[PDB]
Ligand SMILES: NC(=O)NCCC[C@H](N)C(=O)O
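As a starting point, one isolated chain is supplied in structure tokens, in the form solved without this ligand.
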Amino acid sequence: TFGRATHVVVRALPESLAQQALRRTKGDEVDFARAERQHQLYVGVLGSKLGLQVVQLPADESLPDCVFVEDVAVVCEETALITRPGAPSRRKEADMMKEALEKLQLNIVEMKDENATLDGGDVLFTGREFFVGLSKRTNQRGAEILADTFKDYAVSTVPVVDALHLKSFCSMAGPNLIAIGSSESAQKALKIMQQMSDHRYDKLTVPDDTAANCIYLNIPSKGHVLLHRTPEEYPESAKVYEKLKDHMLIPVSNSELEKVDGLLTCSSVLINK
């Protein structure tokens, strides 16, 4: 049942996303056209190729980051936690997301606590438990609210250092497999998480930390499927995923979104209805 999904929520790219300062774009210039193509292809893999029912939300120019829907909602089974993003400028994205999730007839829980913040990017759901990164975007209060929302699942926190989100350097690659970056900080984070759990997780170390962020899915007629970064964007990391012969590997470009800190998981919210 882990990795199973029927629907996926995504959101169109606003032009304001490519109209940001160099300091915010890591010094790189965003090719808005290529970014839209990369998103189109990304959605095409999840929709047409994998058969998921796609819910495409309209772009909002006032919300330059509205494309990264993962941050505004954490879904588990039939319950959806509408988060309170660490960045105030993104708090409004919750409106559209909540509306879509309600339309899907899911149990809605909203994070209103003025003292709580949490980005979905800091949430790693293994299928057995939650690991929540304490970062500049997610605080202890936010983690506690998530734990209170999914009471039947263990929830543990991990410090996020030298990275924006917990998943800036990890994500699930299989039923009991955690893709983890090779950096010193990434390996340390995983060690801390593992120490918290009573379950021994397997791990796949990837040379490029951001390449550790991938999307795993269990499709009925295909089996284990994994969307990962391309050999062109991350040569050193692409070959590592090839070690999963039981997985249907799918290279997905994302060079432009990464310029504004968008990784593979950031652009979609998976739902199993």
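Numbers for residues come from their place in the sequence shown, where the first is 1. Shifts are known only where both forms have a C-alpha. Rigid core: the largest C-alpha set superposing within 1.5 Å between the two forms.
There is another form of this protein, the form solved in complex with this ligand, and it is not shown here; the text below is about that form.
Only one segment in the set 187 to 195, 68 to 76, 152 to 160, 98 to 106 has residues whose heavy atoms sit within 4.5 Å of this ligand in the bound PDB entry; it is 68 to 76. Taking 134, 147, 116, 164 one by one, only a single residue has any non-hydrogen atom within 4.5 Å of this ligand in the bound PDB entry, and it is 164. The contact with this ligand in the bound PDB entry, taken as any heavy atom within 4.5 Å, belongs to 260 out of 252, 13, 10, 260. Judged against this ligand in the bound PDB entry with a 4.5 angstroms heavy atom cut-off, the residues 90, 121 and 266 are in contact without exception. Superposition on the rigid core between the shown form and the other one places the CA atom of residue 26 2 Å or more away from its counterpart.
Figure legend: C-alpha atoms of residue 11 and residue 21, shown here, are separated by at least 3 angstroms less in the bound PDB entry. Look at residue 21 and residue 64: in the bound PDB entry their Cα atoms come 3 Å or more closer than in this form. Mapped along the sequence, displacements between the shown form and the other one of 2 angstroms or more at every C-alpha, sustained over at least 3 residues after core alignment, occur solely at 19 to 26.
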